[PDB]
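Letters A, B, ... are given to chains in the order of the sequence lines, protein chains preceding strands, and every chain is numbered from 1.
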Amino acid sequence: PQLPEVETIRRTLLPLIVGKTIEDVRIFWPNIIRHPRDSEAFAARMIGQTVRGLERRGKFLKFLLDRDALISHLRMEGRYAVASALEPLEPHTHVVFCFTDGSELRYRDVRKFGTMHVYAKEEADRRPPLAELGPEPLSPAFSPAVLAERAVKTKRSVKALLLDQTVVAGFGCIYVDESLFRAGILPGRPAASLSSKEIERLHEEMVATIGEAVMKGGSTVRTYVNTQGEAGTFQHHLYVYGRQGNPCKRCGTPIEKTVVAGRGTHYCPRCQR
DNA sequence: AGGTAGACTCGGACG
DNA sequence: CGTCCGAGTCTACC
Ligand SMILES: [Zn+2]
């Protein structure tokens with residue numbers, strides 16, 4: 001999940017948990033709990049707190065409780081559902097928050113890659129992992145100037161640059177590849193090789209792509225669905241991601257896939273330069 | 001120095 | 001039996 005997927009999960013999850021009070025926290029894979037590292041302390045401190053809100057920062061969910069914030073990263077396969085305490089759990093359920101009304105928030109993650117951090121609210125933004133994040137791409141804090149400031153200082157590939165959450169928060173392999181296609185820039189280009197015009201164009205397409213994907217409920221390409229189990233529809237608007245061997249939608253040249261920044265990377269060798 | 005490739009956390013779907 | 005994976009950290013290598 002990237003920004004659009006996490007944001008869709010946020011909007012669809014909030015009404016199902018807001019105002020509910022935690023009475024138990026059960027943990028079946030402790031490695032997921034990163035702070036406090038002692039999973040018993042993590043569980044104990046949340047008991048008796050009420051969910052007051054749910055925000056997103058980059059690819060993170062931030063649950064706002066009474067004293068604390070719970071910062072959750074889904075990584076590749078993490079997802080949440082709300083269901084009755086009376087029913088058997090689904091496979092791969094690793095953390096469960098039980099509410100006083102007999103409902104439960106369940107965290108499932110087949111690959112076990114996801115993470116959870118709990119801090120007092122006032123500390124959440126000045127500790128890892130949130131402290132080092134770059135600006136929200138749908139905010140005025142993300143501008144061409146912000147992009148250029150980092151790009152001019154490094155010969156790393158532009159793909160490596162955009163995947164770096166300290167540069168700007170929210171883009172991953174799908175939306176990086178798509179943004180670069182739409183801006184007409186090859187993903188292996190050294191960041192410092194980009195012109196001012198290219199940087200402006202890239203910023204414009206990054207904002208448009210990520211905004212469009214939010215409106216369409218994210219991209220369902222393998223396993224992502226919203227909190228109600230509904231697929232997104234942005235996957236029907238992809239130009240390059242997952243389309244290797246198929247004709248480019250704009251020029252008909254077969255889409256290529258190769259390694260860039262050590263990752264599978266999709267591009268049109270004609271539209272991108 | 002300042003970069004990339006890819007092993008690793010993990011498990012399952014697909015030739 | 002090998003390869004792939006909406007993330008991210010880290011090592012090995014150049
Ligand atoms: Zn093309």
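- Rounded to the nearest Å, the gap between the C1' atom of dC10(B) and that of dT3(C) is 16 Å.
- The phosphate of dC10(B) (OP1 or OP2) has a side-chain N or O of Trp29(A) nearer than 4.0 angstrom.
- The listed nucleotides are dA7(C), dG6(C), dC10(B); the one nearest the side chain of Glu5(A) is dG6(C).
- Between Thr154(A) and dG3(B) there is a side-chain polar atom (N or O) within less than 4.0 angstrom of OP1 or OP2.
- In this entry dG6(C) has no Watson-Crick or G-U wobble partner, no candidate having both defining distances under 3.5 Å.
- With hydrogens and angles left out, the side chain of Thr223(A) and the base of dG6(C) share a donor-acceptor pair within 3.5 Å.
- Stacking of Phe113(A) onto the six-membered ring of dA7(C) is present: less than 5.5 angstrom between centres, less than 30° between planes.
- Taking atom OH of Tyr224(A) as the reference point, atom P of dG12(B) lies 23 Å away to the nearest angstrom.
- If you measure from atom CG of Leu161(A) to atom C1' of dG2(B), you get 14 Å, rounded to the nearest angstrom.
- For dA7(C), neither phosphate oxygen OP1 nor OP2 lies less than 4.0 angstrom from any side-chain nitrogen or oxygen of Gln165(A).
- Judged by closest nucleotide on DNA chain B, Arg263(A) is the one of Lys112(A) and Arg263(A) placed further toward the 5' end.
- Side-chain N/O atoms of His92(A) include none lying less than 4.0 angstrom from OP1 or OP2 on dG11(B).
- Contacts of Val260(A) with the nucleic acid, taken as non-hydrogen atoms under 4.0 Å apart, involve only primed sugar atoms and P, OP1 or OP2.
- Judged by the sign of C1'-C2'-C3'-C4', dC8(B) carries a south-puckered sugar.
- Ionic pairing of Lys20(A) and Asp101(A) is present here: one or more N-O contacts between side-chain nitrogen and carboxylate oxygen are shorter than 4.0 angstrom.
- Residue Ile32(A) contributes atom CD1, which lies 16 Å from atom P of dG8(C) at whole-angstrom precision.
- For the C1' atom pair drawn from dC1(C) and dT9(B), the interatomic distance equals 22 Å after rounding to whole Å.
- Within 4.0 Å (heavy atoms only), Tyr175(A) reaches no atom of the nucleic acid at all.
- On the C1' atoms, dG8(C) is 23 Å away from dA1(B), given to the nearest whole Å.
- Spacing of P atoms, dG6(C) relative to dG3(B), comes out at 24 Å, to the nearest Å.
- In terms of polar N and O atoms assigned as donor or acceptor, the side chain of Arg111(A) never comes within less than 3.5 Å of the base of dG12(B) in a complementary pairing.
- For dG6(C), the base has a donor-acceptor partner in the side chain of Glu77(A) [N/O atoms by modelled type, under 3.5 angstrom].
- At the heavy-atom level, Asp109(A) lies nowhere under 4.0 Å from the strands shown.
- Taken to the nearest 0.5 Å, the CG atom of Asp109(A) stands 8.5 Å off from the NZ atom of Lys112(A).
- Taking the centre of each ring, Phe63(A) and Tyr80(A) come in below the 6.0 Å mark.
- Atom-to-atom, CZ of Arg34(A) to P of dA7(C) comes out at 16 Å; the value is rounded to the nearest Å.
- Taking the six-membered ring where the residue is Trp, the centroids of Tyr107(A) and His94(A) are separated by 6.0 Å or more.
- Listed nucleotides: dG11(B), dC4(C), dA7(C). Nearest to the side chain of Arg222(A): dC4(C).
- Checking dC10(B) for Watson-Crick or G-U wobble geometry (two distances, each under 3.5 Å) identifies no partner in any strand.
- The interatomic distance linking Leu61(A) (CG) with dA7(C) (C1') rounds to 14 Å, in whole Å.
- Within the structure, every side-chain polar atom (N or O) of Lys257(A) is placed at least 4.0 Å from both OP1 and OP2 of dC4(C).
- Look at CZ on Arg156(A): it is 13 Å from P on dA5(B), rounded to the nearest Å.
- Rounded to a whole Å, the CE atom of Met116(A) is 17 Å from the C1' atom of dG8(C).
- Residue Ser157(A) places at least one side-chain N or O under 4.0 Å from the OP1 or OP2 atom of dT4(B).
- Checked against the 6.0 Å centroid threshold, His203(A) and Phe142(A) count as a close aromatic pair.
- When rounded to the nearest whole Å, the span between NZ of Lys59(A) and P of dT9(C) equals 10 Å.
- Hydrophobic clustering, with ILVMFWY side chains joined whenever heavy atoms are under 4.5 angstrom apart, keeps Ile71(A) apart from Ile27(A).
- When distances run from any side-chain atom of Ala160(A) to the nucleotides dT4(B), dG6(C), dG6(B), the shortest one goes to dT4(B).
- Using a 4.0 Å heavy-atom cutoff across all strands shown, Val221(A) reaches at least one base atom of the nucleic acid.
- Two rings, from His266(A) and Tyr241(A), have their centers less than 6.0 Å apart.
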